[PDB]
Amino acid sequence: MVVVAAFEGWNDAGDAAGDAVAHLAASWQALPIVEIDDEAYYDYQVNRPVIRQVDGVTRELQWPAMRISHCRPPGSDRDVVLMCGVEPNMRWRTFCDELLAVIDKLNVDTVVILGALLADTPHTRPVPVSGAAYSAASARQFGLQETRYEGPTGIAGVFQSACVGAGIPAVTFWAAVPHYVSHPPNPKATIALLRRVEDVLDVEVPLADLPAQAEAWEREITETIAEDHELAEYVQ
């Protein structure tokens, strides 16, 4: 099989990577199989659970977790295993070992981790993509890389590194979102990340209505443009 994973919060800005995986799961109608709920991994003041209360009674309680679901794009015999959920607060090493065990039983060939970061970049020009891979040969996609060559990492980079150590090829892509538009209905970068998924897994992914949403997005950010304009700086 093959994996596309994405982690919320720190490792995802504008919800680009989360939305990317969401879009795959919608398009190809993914089947839930495994959910990693363990309280060994989660600080619940940081990642609070979600309550749903109606007419004086709670009707639903939702705990932070890692959702793993399964997929088959219509033409292909690539199974695609999707992973999505919040970045745990603890026991990362064992969290990664767990995911690897899932990987092992499902006979996964390749892992692709999507993420997104805030950078100094125009919204009126393409999405910069950065990342890392399992070797210098695999960096065929990159000579250079992401905002931190040295510095703090998240679960994306760790897990990536846990795969490489485990001997599974693994690549992470990071989409650069303009810091001034941080609100998380961003489709532009989601597109960009999805295309990287095509590139690694070699199966076409239907973008559907995303371009329309991107073009509407980009126009209606240029909408708020009375004298507020560090753009020249950024554009070049």
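Residues carry their position along the shown sequence, with the first being 1.
The PDB entry records a higher mean C-alpha B factor for 128 to 136 than for its counterpart among 128 to 136 and 162 to 170. The stretch with the higher mean CA B factor, choosing between 42 to 50 and 192 to 200, is 192 to 200. The residue among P206, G56, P185, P64 whose C-alpha atom has the highest B-factor in the PDB entry is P185. For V177, the recorded CA B-factor ranks within the highest third of the chain. Only modelled residues enter the ranking.
Annotation for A16: CA B-factor lies in the middle third of the chain's modelled residues. Ranked against the other modelled residues of its chain, the C-alpha B-factor of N89 as given in the entry falls in the lowest third.
Ranked by C-alpha B-factor against the other modelled residues of its chain, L144 falls in the highest third.
Split the chain's modelled residues into thirds by C-alpha temperature factor. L118 is in the highest one.
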